[PDB]
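Chemist: As they sit in the full assembly, here are the leading chains:
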Amino acid sequence: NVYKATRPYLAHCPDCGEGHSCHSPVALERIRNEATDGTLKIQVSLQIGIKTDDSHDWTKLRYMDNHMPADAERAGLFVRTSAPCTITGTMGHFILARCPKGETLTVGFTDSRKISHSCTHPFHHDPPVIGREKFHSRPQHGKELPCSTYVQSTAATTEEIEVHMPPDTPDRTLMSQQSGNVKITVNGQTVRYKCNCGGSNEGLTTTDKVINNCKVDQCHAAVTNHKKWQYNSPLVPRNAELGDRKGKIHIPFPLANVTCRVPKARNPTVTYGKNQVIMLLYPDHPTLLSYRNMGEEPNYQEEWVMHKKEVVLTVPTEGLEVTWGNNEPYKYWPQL
């Protein structure tokens, strides 16, 4: 249970809502888009499918709430670009989603206190249409084309992330300006403190401490817990009394080449003439039309047909090959 040493945490966000930056528990880390099918591998600050007591529960969510981790609902979790996204997998920091055309990715959830937090990152989403037809619903039976997707195998293989120790979690809420002195409120936790002022200016306290004649800005505290592990996040600071000491853990949902069933453009209204071919193209989505001569000079010509179009193509003695979208090339021969 690799989740024994593993744990959750918090990070910073560039957009928590209405263009304002804050420290969000749903902070975005890495948005992977290696899959050719359109599936996005989103890395978040919180953990999904695990409870605060370290137990598997698919309906529950684990997020960081002011120094302590708290439980939330799986139904409250949402992903969106320009319109809502369909979630196709959740485990720990990772979310799998199929999103429409967008310029900014948004990931959010709802807590126990009925308060919604969401992180927005600028990301140009535009999956490369598979095939030559822009369909919405996937067919059960169709043309087999090579593509890529993230598999649902949980097995510890292939891909891996770097995890380091979370020495002492910084917390400014532990210090308070008591008139002209600084009070350190422990709240049944082991706190490591350091101050610029005289007298006691270092140590590891288990009890409430007070620093005489000092300011909150000239002090620093943080909870200790060098017993849990943390992932190498750029949104979390590096451990002070540590160089490049780090660990590594295998990650689920790897990228693998698969097969996708696409469609084919509808045949156009074809009428023959004296050494020429007339085509009435009716495309439902942007369809590519290409043609070449079957002789010495091929003279390749390509054009993206989008609207109702009539094309007149000259057919030489050698022959003319016309390719209309994902359909097999149509061969034409004149004579006489």
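Modeler: That came through fine. Numbers count the residues shown, from 1 in each chain, chains lettered A, B, ... in the order given.
Chemist: use CA for all of it now, contacts and neighbours both
Modeler: Will do.
Chemist: now residue A:13: how far from residue A:43?
Modeler: Look at residue A:13 and residue A:43: by Cα to Cα, to the nearest Å, they are 13 Å apart.
Chemist: Same question for residue A:280.
Modeler: The separation that residue A:280 has from residue A:43, given Cα to Cα, amounts to 48 Å.
Chemist: Looking at those two, which is more packed in?
Modeler: In this view residue A:280 and residue A:43 are compared by other Cα atoms under 10 Å, and residue A:43 has more residues nearby, 19 against 15.
Chemist: In its sheet, which strands sit next to the helix or strand harbouring that one, and in what direction?
Modeler: Using DSSP states H and E, residue A:43 maps to strand A:39-50. Here strand A:39-50 is paired, per DSSP bridges, with strand A:28-32 (antiparallel), strand A:56-65 (antiparallel), strand A:86-98 (antiparallel).
Chemist: Mind listing what's buried along whatever helix or strand comes next after the longest one?
Modeler: Same thing as strand A:86-98. Helices and strands here follow DSSP H and E; after strand A:86-98, the next one along the chain is strand A:102-110. Counting neighbours by 16 or more other Cα atoms under 10 Å, one finds that the buried residues in strand A:102-110 are A:105-110.
Chemist: throw chain B onto that model:
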Amino acid sequence: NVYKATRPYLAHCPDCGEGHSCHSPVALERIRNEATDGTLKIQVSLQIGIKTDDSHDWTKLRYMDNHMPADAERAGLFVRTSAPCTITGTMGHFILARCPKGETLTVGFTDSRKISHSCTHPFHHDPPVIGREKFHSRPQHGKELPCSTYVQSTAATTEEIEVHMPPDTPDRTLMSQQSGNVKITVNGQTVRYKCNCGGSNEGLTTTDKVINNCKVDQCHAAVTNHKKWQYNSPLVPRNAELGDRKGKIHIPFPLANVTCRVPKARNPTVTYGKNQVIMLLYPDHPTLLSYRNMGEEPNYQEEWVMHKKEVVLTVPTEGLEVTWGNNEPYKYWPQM
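Modeler: With chain B now in place:
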């Protein structure tokens, strides 16, 4: 509570829902977009933050409901273009909102009877290009540039509007056929009546009146507003027994010069040649490219780079200055 004297009224709408035009209490008047940051100043038919008894309550809304003003909820109020908008200020007829790219602006709310009314106006929204880069999502940290927005301070200062007496509203539901006579049911409102029949056939009543031997079709009533105040609107007629007698009230959300945060384009792959400079531009968002000669003839040229582009620029003896987005101008000089 300046909302004691002031009141609300009704108007017309071009789209209340599903492309049908009606008389909406959430009717759109003026949509101001002078702020460079992206803030929109929306003027509506109803009043927010004021109750029917003329008292300040931020959780309450005041809208017109068939001749009489009624109370609603602040939480029910919504603004949207293509996706929902974040409301950053509400006071009276004015709403402040940050909206994404859209072609039609929609403003709505929910009443006491749990019925939702929304007004849609065609408006081309596309926050101007503050700087030299056309980004979508706003960054938390970037280049500081001067801009303007509407602040959320409710405080009665700076801007103001004109107010006065309102007109009379028509209402056939005020008259009733009591056997062979006409009964005018006031319901605690000032009503102006006129009839074809003899006796009392004119006046301004505050009490329930009865017209003996008359038909409902031969009469006509309408509510009026005098004890209350009204804003000098060009869509409402001027008070007959009044010249230029008017009052004035301070308005929320004034315009103030703030600071916008932008980003700087990434350095381009630069390769030097014989009196020429080659740049491989890779823009993430629409970035402006401008260049000039550092001599007698500057010959300024500007172009918006959006895709992968290779640009060859001639460098004269005097020098060539190239500006790529929000980055500092790159200076180039000829050599051997």
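Chemist: Go back to the buried residues of strand A:102-110, now with chain B?
Modeler: A:102-110 (16 or more other Cα atoms under 10 Å in any protein chain shown).
Chemist: show me what contacts the residue of the stretch 201-336 of chain A found nearest chain B?
Modeler: Each residue of the stretch 201-336 of chain A has a distance to chain B, by Cα to the nearest Cα, and the smallest belongs to residue A:235, at 13.4 Å. Residue A:235 sits next to A:11-12, A:29 when contact means Cα atoms under 8 Å, 6 or more residues apart in numbering or on different chains.
Chemist: any idea which helix or strand carries the closest residue to residue A:295 other than its chain neighbours?
Modeler: Taking Cα to Cα, 6 or more residues apart in numbering or on different chains as the measure, residue A:295 lies nearest to residue A:318, with 5.2 Å between them; neighbours along the chain are not counted. Using DSSP H and E, residue A:318 maps to neither a helix nor a strand.
Chemist: all strands of the stretch 201-336 of chain A, in order?
Modeler: Listed in chain order, the strands of the stretch 201-336 of chain A (DSSP state E, counting those that start in this stretch) span residues A:202-205, A:209-211, A:219-224, A:230-231, A:247-250, A:255-262, A:269-273, A:276-281, A:287-293, A:301-305, A:309-314, A:320-324, A:330-332.
Chemist: Chain C comes next; put it on the structure above:
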Amino acid sequence: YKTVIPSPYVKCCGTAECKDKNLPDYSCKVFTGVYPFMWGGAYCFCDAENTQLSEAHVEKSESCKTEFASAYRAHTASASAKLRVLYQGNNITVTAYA
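Modeler: One more piece, chain C, placed on the ones above:
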């Protein structure tokens, strides 16, 4: 600019008259045979004997104090320069009118 438009004077069973006002871009017009409607029905009693006075004028917007462009007439120019001098092995800054 700000197109200041007040509430239109709807005269029921009568005629309204335009008053020539000394205001920037002042525009006035009276429309005959108007039958307007409100929430509870018709605002006027008469069918075709009603008029509507529509008055308007152009003013400077509230933004003019902040958002504005200035039209200047440049006459002559006065030159002034910041000069660095390495005098007695030390750099000295000189700022004076040219």
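Chemist: returning to what we had before: chain center to the strand holding residue A:43, what's the gap?
Modeler: 8 Å (Cα atoms, centre = their mean, to the nearest Å).
Chemist: Residues touching it, excluding its own?
Modeler: By Cα under 8 Å, 6+ apart, the surrounding residues in contact with strand A:39-50 are A:8-11, A:25-34, A:56-64, A:74, A:90-99, A:149-150.
Chemist: run the last query once more with 7 Å
Modeler: A:8-11, A:25-33, A:56-64, A:90-98, A:149 (Cα atoms under 7 Å, 6 or more residues apart in numbering or on different chains).
Chemist: Can you name the residues bridging to residue 87?
Modeler: The chain I'm using is chain A. Judged by DSSP bridges, the bridge partners of residue A:87 are residue A:97.
Chemist: not quite, I wanted chain C
Modeler: residue C:90.
Chemist: burial measure for it, as a count.
Modeler: Burial of residue C:87 is recorded as 8 neighbouring residues (other Cα atoms under 10 Å in any protein chain shown).
Chemist: How about the residues of chain C by chain A?
Modeler: Selection of chain C residues close to chain A by Cα under 7 Å from any Cα of the partner chain yields an empty set.
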